[PDB]
Structures are given as structure tokens and as C-alpha cells.
$ cat protein07.cif   # mmCIF, N, CA, C and O atoms
data_upload
loop_
_atom_site.group_PDB
_atom_site.id
_atom_site.type_symbol
_atom_site.label_atom_id
_atom_site.label_comp_id
_atom_site.auth_asym_id
_atom_site.auth_seq_id
_atom_site.Cartn_x
_atom_site.Cartn_y
_atom_site.Cartn_z
ATOM 1 N N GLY A 1 -12.967 -16.464 3.591
ATOM 2 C CA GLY A 1 -11.501 -16.501 3.779
ATOM 3 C C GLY A 1 -11.120 -16.746 5.223
ATOM 4 O O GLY A 1 -10.416 -15.945 5.835
ATOM 5 N N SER A 2 -11.586 -17.856 5.765
ATOM 6 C CA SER A 2 -11.335 -18.198 7.152
ATOM 7 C C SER A 2 -10.754 -19.604 7.238
ATOM 8 O O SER A 2 -10.553 -20.251 6.207
ATOM 9 N N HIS A 3 -10.483 -20.069 8.457
ATOM 10 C CA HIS A 3 -9.940 -21.409 8.681
ATOM 11 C C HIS A 3 -8.624 -21.588 7.926
ATOM 12 O O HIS A 3 -8.521 -22.439 7.042
ATOM 13 N N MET A 4 -7.631 -20.775 8.289
ATOM 14 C CA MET A 4 -6.322 -20.755 7.624
ATOM 15 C C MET A 4 -6.427 -20.166 6.223
ATOM 16 O O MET A 4 -7.226 -20.612 5.401
ATOM 17 N N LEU A 5 -5.616 -19.158 5.952
ATOM 18 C CA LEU A 5 -5.609 -18.515 4.651
ATOM 19 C C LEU A 5 -4.229 -17.957 4.342
ATOM 20 O O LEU A 5 -3.513 -17.498 5.227
ATOM 21 N N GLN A 6 -3.847 -18.019 3.088
ATOM 22 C CA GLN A 6 -2.587 -17.451 2.661
ATOM 23 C C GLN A 6 -2.841 -16.143 1.932
ATOM 24 O O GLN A 6 -3.718 -16.060 1.072
ATOM 25 N N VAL A 7 -2.099 -15.113 2.299
ATOM 26 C CA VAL A 7 -2.308 -13.791 1.742
ATOM 27 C C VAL A 7 -1.064 -13.298 1.012
ATOM 28 O O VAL A 7 0.068 -13.624 1.382
ATOM 29 N N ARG A 8 -1.292 -12.531 -0.039
ATOM 30 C CA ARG A 8 -0.222 -11.887 -0.777
ATOM 31 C C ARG A 8 -0.202 -10.409 -0.427
ATOM 32 O O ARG A 8 -1.149 -9.683 -0.731
ATOM 33 N N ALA A 9 0.850 -9.965 0.230
ATOM 34 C CA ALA A 9 0.914 -8.594 0.694
ATOM 35 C C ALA A 9 2.045 -7.833 0.027
ATOM 36 O O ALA A 9 3.185 -8.312 -0.036
ATOM 37 N N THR A 10 1.739 -6.651 -0.474
ATOM 38 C CA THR A 10 2.759 -5.791 -1.027
ATOM 39 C C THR A 10 2.950 -4.565 -0.139
ATOM 40 O O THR A 10 2.201 -3.592 -0.215
ATOM 41 N N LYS A 11 3.963 -4.638 0.713
ATOM 42 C CA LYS A 11 4.334 -3.541 1.588
ATOM 43 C C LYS A 11 5.677 -3.872 2.220
ATOM 44 O O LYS A 11 6.078 -5.032 2.229
ATOM 45 N N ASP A 12 6.371 -2.874 2.729
ATOM 46 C CA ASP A 12 7.591 -3.115 3.485
ATOM 47 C C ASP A 12 7.296 -2.998 4.972
ATOM 48 O O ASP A 12 7.314 -1.905 5.537
ATOM 49 N N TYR A 13 6.996 -4.129 5.596
ATOM 50 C CA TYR A 13 6.584 -4.152 6.988
ATOM 51 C C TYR A 13 7.629 -4.855 7.851
ATOM 52 O O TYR A 13 7.693 -6.082 7.893
ATOM 53 N N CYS A 14 8.456 -4.063 8.519
ATOM 54 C CA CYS A 14 9.486 -4.582 9.406
ATOM 55 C C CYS A 14 10.087 -3.438 10.216
ATOM 56 O O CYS A 14 10.866 -2.637 9.695
ATOM 57 N N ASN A 15 9.709 -3.345 11.483
ATOM 58 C CA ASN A 15 10.169 -2.257 12.337
ATOM 59 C C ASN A 15 10.723 -2.793 13.648
ATOM 60 O O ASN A 15 10.630 -3.992 13.930
ATOM 61 N N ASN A 16 11.300 -1.888 14.442
ATOM 62 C CA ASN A 16 11.876 -2.221 15.750
ATOM 63 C C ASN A 16 13.075 -3.152 15.618
ATOM 64 O O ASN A 16 13.424 -3.580 14.517
ATOM 65 N N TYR A 17 13.707 -3.456 16.736
ATOM 66 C CA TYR A 17 14.844 -4.360 16.738
ATOM 67 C C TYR A 17 14.349 -5.793 16.840
ATOM 68 O O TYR A 17 14.338 -6.534 15.853
ATOM 69 N N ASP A 18 13.914 -6.166 18.030
ATOM 70 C CA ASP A 18 13.315 -7.468 18.250
ATOM 71 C C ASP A 18 11.810 -7.308 18.392
ATOM 72 O O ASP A 18 11.333 -6.576 19.258
ATOM 73 N N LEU A 19 11.064 -7.955 17.515
ATOM 74 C CA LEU A 19 9.616 -7.822 17.507
ATOM 75 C C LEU A 19 8.991 -8.915 16.654
ATOM 76 O O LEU A 19 9.642 -9.473 15.770
ATOM 77 N N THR A 20 7.728 -9.205 16.915
ATOM 78 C CA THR A 20 6.999 -10.180 16.134
ATOM 79 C C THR A 20 6.075 -9.466 15.161
ATOM 80 O O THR A 20 5.026 -8.937 15.540
ATOM 81 N N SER A 21 6.485 -9.435 13.906
ATOM 82 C CA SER A 21 5.750 -8.737 12.872
ATOM 83 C C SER A 21 5.888 -9.472 11.548
ATOM 84 O O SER A 21 6.879 -10.161 11.311
ATOM 85 N N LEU A 22 4.874 -9.341 10.710
ATOM 86 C CA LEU A 22 4.895 -9.926 9.382
ATOM 87 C C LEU A 22 5.929 -9.214 8.528
ATOM 88 O O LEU A 22 5.678 -8.121 8.035
ATOM 89 N N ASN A 23 7.092 -9.832 8.369
ATOM 90 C CA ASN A 23 8.187 -9.231 7.612
ATOM 91 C C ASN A 23 7.885 -9.227 6.118
ATOM 92 O O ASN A 23 8.517 -9.943 5.337
ATOM 93 N N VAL A 24 6.921 -8.411 5.733
ATOM 94 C CA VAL A 24 6.549 -8.267 4.341
ATOM 95 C C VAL A 24 7.581 -7.400 3.639
ATOM 96 O O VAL A 24 7.927 -6.322 4.123
ATOM 97 N N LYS A 25 8.074 -7.871 2.509
ATOM 98 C CA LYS A 25 9.170 -7.200 1.830
ATOM 99 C C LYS A 25 8.784 -6.796 0.408
ATOM 100 O O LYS A 25 9.519 -7.053 -0.549
ATOM 101 N N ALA A 26 7.632 -6.138 0.299
ATOM 102 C CA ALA A 26 7.117 -5.633 -0.976
ATOM 103 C C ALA A 26 6.896 -6.753 -1.984
ATOM 104 O O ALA A 26 7.685 -6.938 -2.912
ATOM 105 N N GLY A 27 5.811 -7.493 -1.804
ATOM 106 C CA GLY A 27 5.499 -8.579 -2.707
ATOM 107 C C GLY A 27 5.944 -9.903 -2.146
ATOM 108 O O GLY A 27 6.723 -10.622 -2.768
ATOM 109 N N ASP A 28 5.453 -10.220 -0.964
ATOM 110 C CA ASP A 28 5.860 -11.435 -0.282
ATOM 111 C C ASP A 28 4.631 -12.223 0.146
ATOM 112 O O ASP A 28 3.511 -11.698 0.132
ATOM 113 N N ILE A 29 4.835 -13.475 0.517
ATOM 114 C CA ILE A 29 3.731 -14.374 0.815
ATOM 115 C C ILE A 29 3.589 -14.580 2.318
ATOM 116 O O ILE A 29 4.565 -14.839 3.016
ATOM 117 N N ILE A 30 2.370 -14.459 2.816
ATOM 118 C CA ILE A 30 2.117 -14.650 4.231
ATOM 119 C C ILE A 30 1.119 -15.781 4.438
ATOM 120 O O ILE A 30 0.066 -15.809 3.804
ATOM 121 N N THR A 31 1.446 -16.709 5.316
ATOM 122 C CA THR A 31 0.550 -17.806 5.629
ATOM 123 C C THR A 31 -0.089 -17.555 6.990
ATOM 124 O O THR A 31 0.556 -17.705 8.028
ATOM 125 N N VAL A 32 -1.353 -17.159 6.983
ATOM 126 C CA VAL A 32 -2.005 -16.698 8.195
ATOM 127 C C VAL A 32 -3.194 -17.575 8.560
ATOM 128 O O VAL A 32 -3.632 -18.419 7.779
ATOM 129 N N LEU A 33 -3.684 -17.396 9.769
ATOM 130 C CA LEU A 33 -4.905 -18.043 10.193
ATOM 131 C C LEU A 33 -5.826 -17.010 10.816
ATOM 132 O O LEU A 33 -5.394 -15.904 11.149
ATOM 133 N N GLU A 34 -7.086 -17.359 10.976
ATOM 134 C CA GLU A 34 -8.058 -16.425 11.498
ATOM 135 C C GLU A 34 -8.349 -16.746 12.955
ATOM 136 O O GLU A 34 -9.053 -17.706 13.270
ATOM 137 N N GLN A 35 -7.783 -15.941 13.835
ATOM 138 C CA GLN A 35 -7.942 -16.124 15.266
ATOM 139 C C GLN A 35 -9.013 -15.175 15.787
ATOM 140 O O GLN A 35 -10.065 -15.609 16.256
ATOM 141 N N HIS A 36 -8.722 -13.879 15.683
ATOM 142 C CA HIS A 36 -9.663 -12.816 16.028
ATOM 143 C C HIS A 36 -10.234 -12.980 17.443
ATOM 144 O O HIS A 36 -11.425 -13.251 17.613
ATOM 145 N N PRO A 37 -9.392 -12.823 18.475
ATOM 146 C CA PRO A 37 -9.841 -12.842 19.858
ATOM 147 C C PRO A 37 -10.156 -11.435 20.351
ATOM 148 O O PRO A 37 -10.526 -11.228 21.508
ATOM 149 N N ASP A 38 -10.000 -10.479 19.444
ATOM 150 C CA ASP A 38 -10.201 -9.069 19.738
ATOM 151 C C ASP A 38 -10.264 -8.281 18.433
ATOM 152 O O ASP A 38 -11.032 -7.333 18.302
ATOM 153 N N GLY A 39 -9.445 -8.691 17.471
ATOM 154 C CA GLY A 39 -9.424 -8.035 16.181
ATOM 155 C C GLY A 39 -8.151 -8.320 15.413
ATOM 156 O O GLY A 39 -8.086 -8.098 14.203
ATOM 157 N N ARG A 40 -7.135 -8.815 16.109
ATOM 158 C CA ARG A 40 -5.870 -9.139 15.467
ATOM 159 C C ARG A 40 -5.712 -10.643 15.303
ATOM 160 O O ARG A 40 -6.239 -11.431 16.092
ATOM 161 N N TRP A 41 -5.004 -11.033 14.257
ATOM 162 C CA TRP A 41 -4.744 -12.434 13.975
ATOM 163 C C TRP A 41 -3.240 -12.666 14.008
ATOM 164 O O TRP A 41 -2.464 -11.711 13.989
ATOM 165 N N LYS A 42 -2.830 -13.920 14.060
ATOM 166 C CA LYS A 42 -1.419 -14.254 13.992
ATOM 167 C C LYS A 42 -1.127 -14.941 12.668
ATOM 168 O O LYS A 42 -1.979 -15.653 12.133
ATOM 169 N N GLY A 43 0.053 -14.709 12.121
ATOM 170 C CA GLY A 43 0.405 -15.320 10.861
ATOM 171 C C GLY A 43 1.895 -15.510 10.704
ATOM 172 O O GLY A 43 2.684 -14.908 11.433
ATOM 173 N N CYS A 44 2.275 -16.345 9.754
ATOM 174 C CA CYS A 44 3.673 -16.625 9.490
ATOM 175 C C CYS A 44 4.067 -16.089 8.125
ATOM 176 O O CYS A 44 3.225 -15.929 7.245
ATOM 177 N N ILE A 45 5.348 -15.844 7.941
ATOM 178 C CA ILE A 45 5.844 -15.311 6.686
ATOM 179 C C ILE A 45 6.468 -16.416 5.857
ATOM 180 O O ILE A 45 7.307 -17.175 6.346
ATOM 181 N N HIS A 46 6.042 -16.515 4.611
ATOM 182 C CA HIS A 46 6.632 -17.457 3.694
ATOM 183 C C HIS A 46 7.542 -16.688 2.756
ATOM 184 O O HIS A 46 7.091 -16.058 1.798
ATOM 185 N N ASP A 47 8.823 -16.762 3.044
ATOM 186 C CA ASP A 47 9.822 -15.991 2.332
ATOM 187 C C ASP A 47 10.228 -16.689 1.050
ATOM 188 O O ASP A 47 10.450 -17.899 1.032
ATOM 189 N N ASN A 48 10.318 -15.919 -0.019
ATOM 190 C CA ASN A 48 10.625 -16.465 -1.332
ATOM 191 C C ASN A 48 12.048 -16.107 -1.735
ATOM 192 O O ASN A 48 12.357 -15.964 -2.920
ATOM 193 N N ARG A 49 12.911 -15.958 -0.742
ATOM 194 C CA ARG A 49 14.297 -15.593 -0.988
ATOM 195 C C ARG A 49 15.248 -16.611 -0.370
ATOM 196 O O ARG A 49 15.949 -17.331 -1.080
ATOM 197 N N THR A 50 15.264 -16.672 0.950
ATOM 198 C CA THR A 50 16.169 -17.565 1.656
ATOM 199 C C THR A 50 15.401 -18.532 2.551
ATOM 200 O O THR A 50 15.688 -19.730 2.590
ATOM 201 N N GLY A 51 14.409 -18.004 3.252
ATOM 202 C CA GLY A 51 13.656 -18.806 4.190
ATOM 203 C C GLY A 51 13.378 -18.061 5.477
ATOM 204 O O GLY A 51 13.390 -18.647 6.559
ATOM 205 N N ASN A 52 13.144 -16.757 5.354
ATOM 206 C CA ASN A 52 12.816 -15.917 6.502
ATOM 207 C C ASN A 52 11.428 -16.262 7.035
ATOM 208 O O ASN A 52 10.430 -15.674 6.624
ATOM 209 N N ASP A 53 11.378 -17.216 7.952
ATOM 210 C CA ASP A 53 10.120 -17.659 8.532
ATOM 211 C C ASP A 53 9.956 -17.102 9.935
ATOM 212 O O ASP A 53 10.646 -17.519 10.866
ATOM 213 N N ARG A 54 9.059 -16.141 10.074
ATOM 214 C CA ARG A 54 8.772 -15.540 11.370
ATOM 215 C C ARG A 54 7.273 -15.364 11.551
ATOM 216 O O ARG A 54 6.524 -15.325 10.571
ATOM 217 N N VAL A 55 6.842 -15.267 12.800
ATOM 218 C CA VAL A 55 5.432 -15.110 13.117
ATOM 219 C C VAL A 55 5.146 -13.684 13.583
ATOM 220 O O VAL A 55 5.965 -13.062 14.261
ATOM 221 N N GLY A 56 3.992 -13.165 13.197
ATOM 222 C CA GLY A 56 3.612 -11.829 13.591
ATOM 223 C C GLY A 56 2.118 -11.698 13.789
ATOM 224 O O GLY A 56 1.356 -12.569 13.367
ATOM 225 N N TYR A 57 1.702 -10.619 14.436
ATOM 226 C CA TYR A 57 0.286 -10.355 14.654
ATOM 227 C C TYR A 57 -0.163 -9.177 13.801
ATOM 228 O O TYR A 57 0.502 -8.141 13.760
ATOM 229 N N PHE A 58 -1.281 -9.344 13.122
ATOM 230 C CA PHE A 58 -1.768 -8.333 12.195
ATOM 231 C C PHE A 58 -3.257 -8.075 12.405
ATOM 232 O O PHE A 58 -4.011 -8.990 12.734
ATOM 233 N N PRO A 59 -3.696 -6.820 12.234
ATOM 234 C CA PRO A 59 -5.100 -6.438 12.411
ATOM 235 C C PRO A 59 -5.984 -6.895 11.251
ATOM 236 O O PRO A 59 -6.310 -6.107 10.361
ATOM 237 N N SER A 60 -6.362 -8.175 11.276
ATOM 238 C CA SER A 60 -7.213 -8.792 10.252
ATOM 239 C C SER A 60 -6.632 -8.602 8.844
ATOM 240 O O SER A 60 -5.432 -8.373 8.702
ATOM 241 N N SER A 61 -7.492 -8.702 7.825
ATOM 242 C CA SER A 61 -7.090 -8.684 6.413
ATOM 243 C C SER A 61 -5.936 -7.715 6.126
ATOM 244 O O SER A 61 -6.127 -6.498 6.066
ATOM 245 N N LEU A 62 -4.738 -8.267 5.965
ATOM 246 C CA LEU A 62 -3.554 -7.467 5.692
ATOM 247 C C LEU A 62 -3.176 -7.562 4.218
ATOM 248 O O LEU A 62 -3.049 -6.548 3.530
ATOM 249 N N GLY A 63 -2.998 -8.786 3.744
ATOM 250 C CA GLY A 63 -2.677 -9.006 2.350
ATOM 251 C C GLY A 63 -3.853 -9.573 1.589
ATOM 252 O O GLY A 63 -4.896 -9.863 2.178
ATOM 253 N N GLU A 64 -3.685 -9.744 0.287
ATOM 254 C CA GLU A 64 -4.742 -10.282 -0.555
ATOM 255 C C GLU A 64 -4.850 -11.786 -0.355
ATOM 256 O O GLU A 64 -3.939 -12.537 -0.707
ATOM 257 N N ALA A 65 -5.957 -12.212 0.226
ATOM 258 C CA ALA A 65 -6.151 -13.607 0.585
ATOM 259 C C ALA A 65 -6.408 -14.470 -0.638
ATOM 260 O O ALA A 65 -7.360 -14.242 -1.390
ATOM 261 N N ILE A 66 -5.552 -15.457 -0.830
ATOM 262 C CA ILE A 66 -5.721 -16.423 -1.901
ATOM 263 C C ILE A 66 -6.162 -17.766 -1.331
ATOM 264 O O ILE A 66 -6.323 -18.735 -2.068
ATOM 265 N N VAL A 67 -6.363 -17.791 -0.012
ATOM 266 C CA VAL A 67 -6.801 -18.988 0.707
ATOM 267 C C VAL A 67 -5.697 -20.043 0.744
ATOM 268 O O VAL A 67 -5.483 -20.733 -0.274
#
$ encode --input "protein07.cif" --output "C-alpha cells"
Amino acid sequence: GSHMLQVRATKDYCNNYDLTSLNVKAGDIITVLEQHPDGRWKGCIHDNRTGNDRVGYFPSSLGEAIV
């Protein structure tokens, strides 16, 4: 599950005011890649509602990778 992967994450992940985080809204799609320069990767959110597209950093395998 490397070289770009899309993950399905079920959680409500959105904190702080202004921040870069995977805005997971309990059953949402995340389009991520495998960077791992220390342990965290960067990924984008694929929103299935309006188009909430934001980038966030996550500590490796966050959602269920469907590639």
C-alpha cells in the first residue's frame, strides 16, 4: 500500500481553528501518499458532500487503504 493510496477512514477528525488535518467526517474518503520522512505522511481529503478538499499530515496508516 505505497506509491499513492486512497484510504477509507471512519472517524471525526477536525480540531483547532486554522490547521492542516484530514477532515474525516465519520465515513469519508482520503487520498494520501506515502512520504514517511520521519513517520508522518501527507494526504488530501476527498469529500463526498460538497467538495471539502484540504491537505493534512497523518501518522502513517490512518484509514483503510483501498489503494
$ atom_distance --input "protein07.cif" --atom1 "atom N of residue 10 in chain A" --atom2 "CA of residue 63 in chain A"
5.7 Å
$ closest_residue --input "protein07.cif" --among "A:60, A:54, A:67, A:34" --to "residue 19 in chain A" --atoms "only C-alpha atoms"
A:54
$ resolve_selection --input "protein07.cif" --expression "the PyMOL selection byres ((chain A and resi 21) around 5)" --output "PDB file with N, CA, C and O atoms, in the frame of the given file"
ATOM      1  N   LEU A  19      11.064  -7.955  17.515  1.00  0.00           N
ATOM      2  CA  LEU A  19       9.616  -7.822  17.507  1.00  0.00           C
ATOM      3  C   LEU A  19       8.991  -8.915  16.654  1.00  0.00           C
ATOM      4  O   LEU A  19       9.642  -9.473  15.770  1.00  0.00           O
ATOM      5  N   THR A  20       7.728  -9.205  16.915  1.00  0.00           N
ATOM      6  CA  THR A  20       6.999 -10.180  16.134  1.00  0.00           C
ATOM      7  C   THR A  20       6.075  -9.466  15.161  1.00  0.00           C
ATOM      8  O   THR A  20       5.026  -8.937  15.540  1.00  0.00           O
ATOM      9  N   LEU A  22       4.874  -9.341  10.710  1.00  0.00           N
ATOM     10  CA  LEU A  22       4.895  -9.926   9.382  1.00  0.00           C
ATOM     11  C   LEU A  22       5.929  -9.214   8.528  1.00  0.00           C
ATOM     12  O   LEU A  22       5.678  -8.121   8.035  1.00  0.00           O
ATOM     13  N   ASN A  23       7.092  -9.832   8.369  1.00  0.00           N
ATOM     14  CA  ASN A  23       8.187  -9.231   7.612  1.00  0.00           C
ATOM     15  C   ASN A  23       7.885  -9.227   6.118  1.00  0.00           C
ATOM     16  O   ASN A  23       8.517  -9.943   5.337  1.00  0.00           O
ATOM     17  N   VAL A  55       6.842 -15.267  12.800  1.00  0.00           N
ATOM     18  CA  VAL A  55       5.432 -15.110  13.117  1.00  0.00           C
ATOM     19  C   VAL A  55       5.146 -13.684  13.583  1.00  0.00           C
ATOM     20  O   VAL A  55       5.965 -13.062  14.261  1.00  0.00           O
ATOM     21  N   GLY A  56       3.992 -13.165  13.197  1.00  0.00           N
ATOM     22  CA  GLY A  56       3.612 -11.829  13.591  1.00  0.00           C
ATOM     23  C   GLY A  56       2.118 -11.698  13.789  1.00  0.00           C
ATOM     24  O   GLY A  56       1.356 -12.569  13.367  1.00  0.00           O
ATOM     25  N   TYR A  57       1.702 -10.619  14.436  1.00  0.00           N
ATOM     26  CA  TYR A  57       0.286 -10.355  14.654  1.00  0.00           C
ATOM     27  C   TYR A  57      -0.163  -9.177  13.801  1.00  0.00           C
ATOM     28  O   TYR A  57       0.502  -8.141  13.760  1.00  0.00           O
TER      29      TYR A  57
END
$ resolve_selection --input "protein07.cif" --expression "the PyMOL selection byres ((chain A and resi 62) around 8)" --output "list in words"
residues 7, 8, 9, 10, 11, 58, 59, 60, 61, 63, 64 and 65 of chain A
$ write_last_selection --input "protein07.cif" --atoms "N, CA, C and O atoms" --output "PDB file, keeping the file's coordinate frame"
ATOM      1  N   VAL A   7      -2.099 -15.113   2.299  1.00  0.00           N
ATOM      2  CA  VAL A   7      -2.308 -13.791   1.742  1.00  0.00           C
ATOM      3  C   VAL A   7      -1.064 -13.298   1.012  1.00  0.00           C
ATOM      4  O   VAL A   7       0.068 -13.624   1.382  1.00  0.00           O
ATOM      5  N   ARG A   8      -1.292 -12.531  -0.039  1.00  0.00           N
ATOM      6  CA  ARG A   8      -0.222 -11.887  -0.777  1.00  0.00           C
ATOM      7  C   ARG A   8      -0.202 -10.409  -0.427  1.00  0.00           C
ATOM      8  O   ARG A   8      -1.149  -9.683  -0.731  1.00  0.00           O
ATOM      9  N   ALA A   9       0.850  -9.965   0.230  1.00  0.00           N
ATOM     10  CA  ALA A   9       0.914  -8.594   0.694  1.00  0.00           C
ATOM     11  C   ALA A   9       2.045  -7.833   0.027  1.00  0.00           C
ATOM     12  O   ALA A   9       3.185  -8.312  -0.036  1.00  0.00           O
ATOM     13  N   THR A  10       1.739  -6.651  -0.474  1.00  0.00           N
ATOM     14  CA  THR A  10       2.759  -5.791  -1.027  1.00  0.00           C
ATOM     15  C   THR A  10       2.950  -4.565  -0.139  1.00  0.00           C
ATOM     16  O   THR A  10       2.201  -3.592  -0.215  1.00  0.00           O
ATOM     17  N   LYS A  11       3.963  -4.638   0.713  1.00  0.00           N
ATOM     18  CA  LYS A  11       4.334  -3.541   1.588  1.00  0.00           C
ATOM     19  C   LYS A  11       5.677  -3.872   2.220  1.00  0.00           C
ATOM     20  O   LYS A  11       6.078  -5.032   2.229  1.00  0.00           O
ATOM     21  N   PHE A  58      -1.281  -9.344  13.122  1.00  0.00           N
ATOM     22  CA  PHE A  58      -1.768  -8.333  12.195  1.00  0.00           C
ATOM     23  C   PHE A  58      -3.257  -8.075  12.405  1.00  0.00           C
ATOM     24  O   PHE A  58      -4.011  -8.990  12.734  1.00  0.00           O
ATOM     25  N   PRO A  59      -3.696  -6.820  12.234  1.00  0.00           N
ATOM     26  CA  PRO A  59      -5.100  -6.438  12.411  1.00  0.00           C
ATOM     27  C   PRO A  59      -5.984  -6.895  11.251  1.00  0.00           C
ATOM     28  O   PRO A  59      -6.310  -6.107  10.361  1.00  0.00           O
ATOM     29  N   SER A  60      -6.362  -8.175  11.276  1.00  0.00           N
ATOM     30  CA  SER A  60      -7.213  -8.792  10.252  1.00  0.00           C
ATOM     31  C   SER A  60      -6.632  -8.602   8.844  1.00  0.00           C
ATOM     32  O   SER A  60      -5.432  -8.373   8.702  1.00  0.00           O
ATOM     33  N   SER A  61      -7.492  -8.702   7.825  1.00  0.00           N
ATOM     34  CA  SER A  61      -7.090  -8.684   6.413  1.00  0.00           C
ATOM     35  C   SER A  61      -5.936  -7.715   6.126  1.00  0.00           C
ATOM     36  O   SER A  61      -6.127  -6.498   6.066  1.00  0.00           O
ATOM     37  N   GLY A  63      -2.998  -8.786   3.744  1.00  0.00           N
ATOM     38  CA  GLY A  63      -2.677  -9.006   2.350  1.00  0.00           C
ATOM     39  C   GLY A  63      -3.853  -9.573   1.589  1.00  0.00           C
ATOM     40  O   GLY A  63      -4.896  -9.863   2.178  1.00  0.00           O
ATOM     41  N   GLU A  64      -3.685  -9.744   0.287  1.00  0.00           N
ATOM     42  CA  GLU A  64      -4.742 -10.282  -0.555  1.00  0.00           C
ATOM     43  C   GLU A  64      -4.850 -11.786  -0.355  1.00  0.00           C
ATOM     44  O   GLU A  64      -3.939 -12.537  -0.707  1.00  0.00           O
ATOM     45  N   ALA A  65      -5.957 -12.212   0.226  1.00  0.00           N
ATOM     46  CA  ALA A  65      -6.151 -13.607   0.585  1.00  0.00           C
ATOM     47  C   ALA A  65      -6.408 -14.470  -0.638  1.00  0.00           C
ATOM     48  O   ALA A  65      -7.360 -14.242  -1.390  1.00  0.00           O
TER      49      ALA A  65
END
$ closest_residue --input "protein07.cif" --among "A:53, A:43, A:15, A:1" --to "residue 31 in chain A" --atoms "all atoms listed in the file"
A:43
$ resolve_selection --input "protein07.cif" --expression "the PyMOL selection byres ((chain A and resi 25) around 5)" --output "list in words"
residues 11, 12, 13, 23, 24, 26, 27 and 28 of chain A
$ residues_around --input "protein07.cif" --residues "residue 33 in chain A" --least-positions-apart "4" --cutoff "9 Å" --atoms "only C-alpha atoms" --output "PDB file with N, CA, C and O atoms, in the coordinates of the input"
ATOM      1  N   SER A   2     -11.586 -17.856   5.765  1.00  0.00           N
ATOM      2  CA  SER A   2     -11.335 -18.198   7.152  1.00  0.00           C
ATOM      3  C   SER A   2     -10.754 -19.604   7.238  1.00  0.00           C
ATOM      4  O   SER A   2     -10.553 -20.251   6.207  1.00  0.00           O
ATOM      5  N   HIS A   3     -10.483 -20.069   8.457  1.00  0.00           N
ATOM      6  CA  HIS A   3      -9.940 -21.409   8.681  1.00  0.00           C
ATOM      7  C   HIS A   3      -8.624 -21.588   7.926  1.00  0.00           C
ATOM      8  O   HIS A   3      -8.521 -22.439   7.042  1.00  0.00           O
ATOM      9  N   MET A   4      -7.631 -20.775   8.289  1.00  0.00           N
ATOM     10  CA  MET A   4      -6.322 -20.755   7.624  1.00  0.00           C
ATOM     11  C   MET A   4      -6.427 -20.166   6.223  1.00  0.00           C
ATOM     12  O   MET A   4      -7.226 -20.612   5.401  1.00  0.00           O
ATOM     13  N   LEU A   5      -5.616 -19.158   5.952  1.00  0.00           N
ATOM     14  CA  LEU A   5      -5.609 -18.515   4.651  1.00  0.00           C
ATOM     15  C   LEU A   5      -4.229 -17.957   4.342  1.00  0.00           C
ATOM     16  O   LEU A   5      -3.513 -17.498   5.227  1.00  0.00           O
ATOM     17  N   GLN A   6      -3.847 -18.019   3.088  1.00  0.00           N
ATOM     18  CA  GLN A   6      -2.587 -17.451   2.661  1.00  0.00           C
ATOM     19  C   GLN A   6      -2.841 -16.143   1.932  1.00  0.00           C
ATOM     20  O   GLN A   6      -3.718 -16.060   1.072  1.00  0.00           O
ATOM     21  N   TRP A  41      -5.004 -11.033  14.257  1.00  0.00           N
ATOM     22  CA  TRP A  41      -4.744 -12.434  13.975  1.00  0.00           C
ATOM     23  C   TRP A  41      -3.240 -12.666  14.008  1.00  0.00           C
ATOM     24  O   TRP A  41      -2.464 -11.711  13.989  1.00  0.00           O
ATOM     25  N   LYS A  42      -2.830 -13.920  14.060  1.00  0.00           N
ATOM     26  CA  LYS A  42      -1.419 -14.254  13.992  1.00  0.00           C
ATOM     27  C   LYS A  42      -1.127 -14.941  12.668  1.00  0.00           C
ATOM     28  O   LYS A  42      -1.979 -15.653  12.133  1.00  0.00           O
ATOM     29  N   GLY A  43       0.053 -14.709  12.121  1.00  0.00           N
ATOM     30  CA  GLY A  43       0.405 -15.320  10.861  1.00  0.00           C
ATOM     31  C   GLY A  43       1.895 -15.510  10.704  1.00  0.00           C
ATOM     32  O   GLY A  43       2.684 -14.908  11.433  1.00  0.00           O
ATOM     33  N   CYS A  44       2.275 -16.345   9.754  1.00  0.00           N
ATOM     34  CA  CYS A  44       3.673 -16.625   9.490  1.00  0.00           C
ATOM     35  C   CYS A  44       4.067 -16.089   8.125  1.00  0.00           C
ATOM     36  O   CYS A  44       3.225 -15.929   7.245  1.00  0.00           O
TER      37      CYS A  44
END
$ axis_aligned_box --input "protein07.cif" --around "range 5-19 of chain A" --padding-each-side "4 Å" --output "JSON"
{"center_x": 4.6, "center_y": -10.5, "center_z": 9.1, "size_x": 28.5, "size_y": 25.3, "size_z": 28.3}
$ atom_distance --input "protein07.cif" --atom1 "CA of residue 45 in chain A" --atom2 "CA of residue 14 in chain A"
11.7 Å
$ atom_distance --input "protein07.cif" --atom1 "atom C of residue 46 in chain A" --atom2 "atom C of residue 29 in chain A"
4.5 Å
$ select_by_dssp --input "protein07.cif" --residues "chain A" --states "strand (DSSP E or B)" --output "ChimeraX atom specification"
/A:5-9,12-13,24-25,28-32,41-46,55-58,64-65
